[PDB]
Amino acid sequence: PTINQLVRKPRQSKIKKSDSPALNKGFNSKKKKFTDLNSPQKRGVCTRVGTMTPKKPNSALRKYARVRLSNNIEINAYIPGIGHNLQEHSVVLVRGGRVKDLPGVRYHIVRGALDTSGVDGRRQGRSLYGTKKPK
Amino acid sequence: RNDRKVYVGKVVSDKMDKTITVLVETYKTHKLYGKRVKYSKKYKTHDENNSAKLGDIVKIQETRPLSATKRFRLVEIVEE
Amino acid sequence: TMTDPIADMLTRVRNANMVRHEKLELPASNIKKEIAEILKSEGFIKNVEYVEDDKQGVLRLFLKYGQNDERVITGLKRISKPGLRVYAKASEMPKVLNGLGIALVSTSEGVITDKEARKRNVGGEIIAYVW
Amino acid sequence: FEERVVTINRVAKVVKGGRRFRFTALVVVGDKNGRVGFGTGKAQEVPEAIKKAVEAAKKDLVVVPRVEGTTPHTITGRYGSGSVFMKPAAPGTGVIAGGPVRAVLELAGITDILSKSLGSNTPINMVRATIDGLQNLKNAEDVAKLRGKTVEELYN
Amino acid sequence: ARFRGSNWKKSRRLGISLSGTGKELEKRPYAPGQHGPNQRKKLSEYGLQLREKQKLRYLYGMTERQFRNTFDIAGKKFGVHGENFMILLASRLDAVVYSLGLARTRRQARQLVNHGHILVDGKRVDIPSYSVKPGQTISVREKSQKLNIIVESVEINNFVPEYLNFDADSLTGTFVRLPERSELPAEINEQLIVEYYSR
RNA sequence: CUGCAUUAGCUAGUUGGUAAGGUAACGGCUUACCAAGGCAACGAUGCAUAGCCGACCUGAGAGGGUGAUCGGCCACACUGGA
RNA sequence: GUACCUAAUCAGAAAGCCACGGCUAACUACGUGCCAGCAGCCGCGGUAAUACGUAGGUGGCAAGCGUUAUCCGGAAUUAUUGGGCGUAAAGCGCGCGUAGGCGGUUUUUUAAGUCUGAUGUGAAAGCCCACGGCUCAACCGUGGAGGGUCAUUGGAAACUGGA
RNA sequence: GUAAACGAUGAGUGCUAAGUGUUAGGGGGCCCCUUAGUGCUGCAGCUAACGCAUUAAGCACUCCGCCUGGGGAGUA
RNA sequence: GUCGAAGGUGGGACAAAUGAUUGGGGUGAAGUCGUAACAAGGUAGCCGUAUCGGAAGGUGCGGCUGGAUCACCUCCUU
Ligand SMILES: [Mg+2]
Ligand SMILES: [Mg+2]
Ligand SMILES: [Mg+2]
Ligand SMILES: [Mg+2]
Ligand SMILES: [Mg+2]
Ligand SMILES: [Mg+2]
Ligand SMILES: [Mg+2]
Ligand SMILES: [Mg+2]
Ligand SMILES: [Mg+2]
Ligand SMILES: [Mg+2]
Ligand SMILES: [Mg+2]
Ligand SMILES: [Mg+2]
Ligand SMILES: [Mg+2]
């Protein structure tokens, strides 16, 4: 563009989207509205718990939960690790990070937080699955 | 002692009684691209005798508030 | 239509230098003549001739090639342009090629090189870079 | 002459049955004293590809003007979509370069410089851009001679 | 010291005698671990830079955070960044004590200074990180003037660099001037570490 | 010193003058009269968002992001008026 | 009765986290067998898995180490610095024309832009440089430098602007 | 009021080797020079390559229009 | 008595949520029907427009080459 064209219409940068929109929103109950706040995790209640089939070429029964967050947004969260103790009405902590195999699963459920238990029999990378030191 | 700001500009309207609006022209530079771009600011100045006329280049000086938006007084008519 | 005679002169010089031409005729002007004289003094061109004819006259430049047919002028760049004019202070005067080139400037004290501008402690409109 | 293997690439030509695989090696060769060159070699195995690349590089060498371990002045070497900006630095700075450019500069003997690859990062064209810049580099004495003056006259 | 590990395994990994004797590399100059022997892989550029940084860091027995901070403050001095960093590492009270010879090992000198057996300009200094400067004096605590370890290290007549002037009758050293690259160890390419911290 | 034109018209004490009242003070600050002025594509008006700054994070720089702690200025004290 | 100092006793109370296919420093054995699982991207897993879990070893850090969230960087990926529009995204289907942007040569004049000197100010704290005090450091203190598109005033006239 | 409305190539201006056709003129001796178009071939230069190359996609200046991963969608 | 907060009444403006029902869109595993496009893709393809048809699509009109091709004349380049 000419300098005159830049002066008339300055350059405009591309806007960046969040990978975890459900964590960027809080809810004010008194005013019954949403509010913009960046959060690293959110509490939620597991509306459903079950398994999903990944997209090709992968094949598996990946464990996930449909969770209502404290801000009233309903999301799918993956359950990492081997074995979990989650059912409907379980209260779980949700963090960002999607599962590439699972199409609509954009969050993870923290292990070893609120109701969710650590992975039983985990000994390497235990902090990633909320397992205490066996000793 | 202390003097007050003085501007020179063209008259662009005098339909008001004893008040003329003076258009002072300046050139602010674009802060990023650095090009020279025109900047106009209209000044409401006091014209007691209606001496100034639409078109003439006049001189104004800052004064105390004289009206809702009048802050200047005509000093002399530089050209006509 | 024509909008930057200095640009045009520099581009004529660049094209002639690329084709390894020996001489170069362009319409004349005071600023072009001072630029050409600065180039001659600095050693980028061989000679400058002025033809004081009608229609503003003509400037006849003679370019300079070194041994092995090497080109003395590596490149010419217009800095200040009609669409955006560039000025610099004495303390902000740019060095072309770490000093191995010249920046032709226009100053209150006549159009001079960046070295003279720095020496006399003046600034002005940076007409061009040449190296 | 020191030699560094920049990249080794397994290319394929398709045939009526299967594919024919070859190894292409890109290599830079330099004396670390202002002489550097690059070459490519194709062979059925990487050692032979490297040997041919070294022979080609040794055949094709360029002289880099330097000033106390850094280039004389800033330059942008370009080849194709490749583009490498290079700027003289001060002693102790190191070679601030990435990829093939660091190999080329080190083998050319430059120890202090700043650089940035502004264009394509395909190794051969990065190397060619770096070599283009180094070839276009100029030195004070040569430019004084070309302009018919002295170094002192040049710097005023 | 802070790093209480197999200094021989570290020397074997890094290919350098951290003690300076060479005992670690004399028998097994290859890297520890199950795959130590018959190891033949080639390090990348990043790997080489990392190995050189680790060589210097484990030679001076420092932690990564303090090492980076020292490198950062050295960068701010006038001159060559790598040489400034090396001389600043040498100026640490641990290095000065070890060079003076009040202990046979760098870790031993670190423990001495930590436990306060040393005095700088006649005052206690418990911090091995202390940066000595030219014109200062390092002494030994009177209550520890007759320690077996110290007296044995003093008996063993080690070489005293030029930038240190030592008297073993009073167990008193003086930091005469700042070191030089030649004086400082030559098995480290400080340019590699400068480039490592460049990226 | 901010985003939007998928906001283009806005303004009637509004713009100016005369007189008076009023104020620490000039002043449409308010009232009576006269006139039809005033702003606006150099973005008025409307909508949305927001305390501002010294500074802080980042970046080679140019820039980009932010406005905790500390200092300055402003605003507010359940909501509104006095 | 805190900091700090002195005297005695004991290596005795005081190391964890992540990673090891490439990027990226660090590899082997078992179990599993497109399942269980992993994953930032490319991907890995169907009997020989350095990619899944465990074990040994190794690497990076260390009273911390990993994960998530957000900002700048890398991104020249809004490009003034510093990108483009034949075929990759991009020349309006084409005129006529308003505002705006830009504008041929010479002479004189003005000094709005432009350049230059002086004065005032741009608080303190902060950042940077130097020095000093806490045993070191963080930190604290003290000077300097910096930071305006700033204002007033005095000078120059080549270029842009005005006559 | 839309087309693959195409040269998929905005307008103006100047500069940078050549060879050879054709359309409408002009000047000097079938030849030479020259203006404005319309074609082909081809240097330097440019380009990812294909190719463009005095009818530039080269070298420059001015102004305008337009682009910023593929779908969703020329949709709501 | 003037001014005057709140309140009441009224017709409009704007924003958000929600709504029987409805529309196309995206993704998904070996689903069903045909086979439009890519070679001249077996009717060259595509663009605009109109109409028709389960569906891709067909057809008409104009336009483009970003179309292959055997025989013919018409020129232009080396
Ligand atoms: Mg070749
Ligand atoms: Mg608010
Ligand atoms: Mg940048
Ligand atoms: Mg950027
Ligand atoms: Mg396109
Ligand atoms: Mg067109
Ligand atoms: Mg169209
Ligand atoms: Mg201050
Ligand atoms: Mg088109
Ligand atoms: Mg023609
Ligand atoms: Mg078909
Ligand atoms: Mg067909
Ligand atoms: Mg039909």
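Just so it is clear: chains get the letters A, B, ... in the order the sequence lines come, proteins before strands, and each one is counted from 1.
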Original post:
Contact class for A:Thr2 (heavy atom, under 4.0 Å): base, sugar-phosphate, or nothing?
Top reply: base
Original post:
Quick one: is F:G38 close enough that its OP1 or OP2 comes under 4.0 Å of any side-chain N or O from B:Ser13?
Top reply: yes
Subject >> Rounded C1' spacing from F:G22 to F:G27 in Å >> reply: 12 Å
Subject >> Base of G:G37 paired with side chain of A:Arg62 (donor-acceptor, under 3.5 Å) >> reply: yes
Subject >> Residue whose nearest RNA chain F nucleotide is more 5′ - B:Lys18 or B:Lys15 >> reply: B:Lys18
Subject >> Side chain E:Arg110, main chain E:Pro128, donor-acceptor under 3.5 Å >> reply: no
Original post:
NA contact type, B:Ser67, heavy-atom cut-off 4.0 Å: base, sugar-phosphate, or nothing?
Top reply: sugar-phosphate
Original post:
Is the base of G:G59 touched by the side chain of E:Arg51 through a donor-acceptor pair closer than 3.5 angstrom?
Top reply: no
**OP:** Could you tell me whether G:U50 and G:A88 make a Watson-Crick or G-U wobble pair, using a cut-off of under 3.5 Å for both distances?
**Re:** no
Original post:
Is H:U34 in the syn or the anti form, by the rule that syn lies within 90° of 0?
Top reply: anti
Original post:
The sugar of H:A8: north or south, by the sign of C1'-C2'-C3'-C4'?
Top reply: south
Original post:
Are any of E:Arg199's side-chain N or O atoms less than 4.0 Å away from OP1 or OP2 of G:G74?
Top reply: no
Subject >> Distance below 4.0 Å between B:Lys41 side-chain N/O and F:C42 OP1 or OP2 >> reply: no
**OP:** Please state the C1' separation for the pair F:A8 and F:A20 - nearest whole angstrom.
**Re:** 41 Å
Subject >> I:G66: syn or anti, per glycosidic angle within 90° of 0 >> reply: syn
Original post:
Using atom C1' of each nucleotide, how far apart are G:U121 and G:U152 to the nearest Å?
Top reply: 11 Å
Subject >> H:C61 phosphate, OP1 or OP2, under 4.0 Å from C:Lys77 side-chain N/O >> reply: no
Original post:
Roughly how far, to the nearest 0.5 Å, is the CG atom of A:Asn28 from the OG1 atom of A:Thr35?
Top reply: 7.5 Å
Original post:
Taking only N and O in the side chain of C:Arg20, is any of them less than 4.0 Å away from OP1 or OP2 of H:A44?
Top reply: no
Subject >> Spacing of the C1' atoms in G:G86 and H:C61 (rounded, Å) >> reply: 23 Å
Original post:
About how many Å separate CG of A:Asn24 and OG of A:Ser18, when rounded to the nearest 0.5 Å?
Top reply: 4.0 Å
Subject >> Two-distance pair test G:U106 G:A39, Watson-Crick or wobble, each under 3.5 Å >> reply: no
Subject >> G:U142 and G:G43 base-paired, Watson-Crick or G-U, both contacts under 3.5 Å >> reply: no
**OP:** Please verify, for F:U30 and F:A20, whether Watson-Crick or G-U wobble pairing holds with both distances under 3.5 Å?
**Re:** yes
Original post:
Do neighbours G:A69 and G:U70 have base six-rings closer than 5.5 Å at the centres and tilted less than 30° apart?
Top reply: yes
**OP:** Report yes if a donor N or O on one partner sits less than 3.5 Å from an acceptor N or O on the other, where the partners are the side chain of C:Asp4 and the base of H:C61; otherwise report no.
**Re:** no
**OP:** Mind telling me if F:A24 is syn or anti? Syn here is a glycosidic angle within 90° of 0.
**Re:** syn
Original post:
Pairing check, G:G21 versus G:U135: Watson-Crick or G-U wobble, both under 3.5 Å?
Top reply: no
**OP:** Using a cut-off of 3.5 Å for both contacts, decide if G:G22 and G:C41 are a Watson-Crick or G-U pair.
**Re:** yes
Original post:
So, is B:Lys70 near the phosphate of F:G17, with a side-chain N or O under 4.0 Å from OP1 or OP2?
Top reply: yes
Subject >> Base-pairing result for G:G73 and G:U160, Watson-Crick or G-U at under 3.5 Å >> reply: no
**OP:** Could you tell me whether the side chain of A:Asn58 has a donor or acceptor atom within less than 3.5 Å of a complementary atom in the base of G:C44?
**Re:** yes
**OP:** Report yes if at least one side-chain N or O of A:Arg126 is closer than 4.0 Å to OP1 or OP2 of G:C17; otherwise report no.
**Re:** yes
Subject >> Below 4.0 Å: OP1/OP2 of G:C61 and any side-chain N or O of E:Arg57 >> reply: yes
Original post:
So, are G:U119 and G:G31 a pair, meaning Watson-Crick or G-U wobble with each of the two distances under 3.5 Å?
Top reply: no
Original post:
Between major and minor, which groove has a base atom closer than 5.0 Å to the side chain of C:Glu125?
Top reply: minor
Original post:
Any side-chain N or O of A:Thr53 under 4.0 Å from OP1/OP2 of I:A29?
Top reply: no
Original post:
At under 4.0 Å, does any side-chain N or O of E:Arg2 touch on OP1 or OP2 of G:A63?
Top reply: yes
**OP:** Assign each of B:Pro65 and B:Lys42 to its nearest nucleotide of RNA chain F by heavy atoms, then name whichever residue's nucleotide is nearer the 5' end.
**Re:** B:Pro65
Original post:
Is the NZ or CZ atom of A:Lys63 both under 6.0 Å from the centre of the six-membered ring of A:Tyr78 and within 45° of that ring's axis?
Top reply: no
Original post:
What's the verdict on ring-ring contact (aromatic ring centres under 6.0 Å, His included) for A:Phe27 and A:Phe34, showing C-alpha distance, side-chain angles and the deciding distance?
Top reply: CA-CA 5 Å; A:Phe27 184 75; A:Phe34 286 94; 5.5 Å; yes
**OP:** Compare side-chain N and O positions of E:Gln54 against OP1 and OP2 of G:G60 and report whether any pair is under 4.0 Å apart.
**Re:** yes
Original post:
Dot-bracket for RNA chain I: what is it, with Watson-Crick or G-U pairs under 3.5 Å, [ ] where a pair crosses earlier ones, and | for a pair to another strand?
Top reply: ...........................................(((((((((....)))))))))|............
Subject >> Straight-line distance of B:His46 NE2 to B:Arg73 CZ, nearest 0.5 Å >> reply: 10.0 Å
**OP:** State whether the distance check finds a donor on one side and an acceptor on the other, under 3.5 Å, for side chain C:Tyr87 versus base G:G113.
**Re:** yes
Subject >> Sugar-phosphate only, base, or nothing, as touched by B:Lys5 at under 4.0 Å among non-hydrogen atoms >> reply: sugar-phosphate
**OP:** Tell me, with the steps shown, if A:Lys42 and A:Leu93 meet side-chain contact (heavy atoms from CB on, under 4.5 Å).
**Re:** CA-CA 6 Å; A:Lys42 298 200 90 68; A:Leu93 193 64; 5.9 Å; no
Subject >> E:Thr63 vs G:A62: side-chain N/O to OP1/OP2 distance below 4.0 Å >> reply: yes
Subject >> C:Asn30 vs G:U106: side-chain N/O to OP1/OP2 distance below 4.0 Å >> reply: yes
Subject >> Pair C:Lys55 + C:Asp53: basic N to acidic O under 4.0 Å >> reply: no
Original post:
Any chance F:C29 and F:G21 qualify as a Watson-Crick or G-U wobble pair, both distances under 3.5 Å?
Top reply: yes
Original post:
Do the side-chain N or O atoms of B:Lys38 get closer than 4.0 angstrom to the phosphate oxygens (OP1, OP2) of G:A112?
Top reply: no
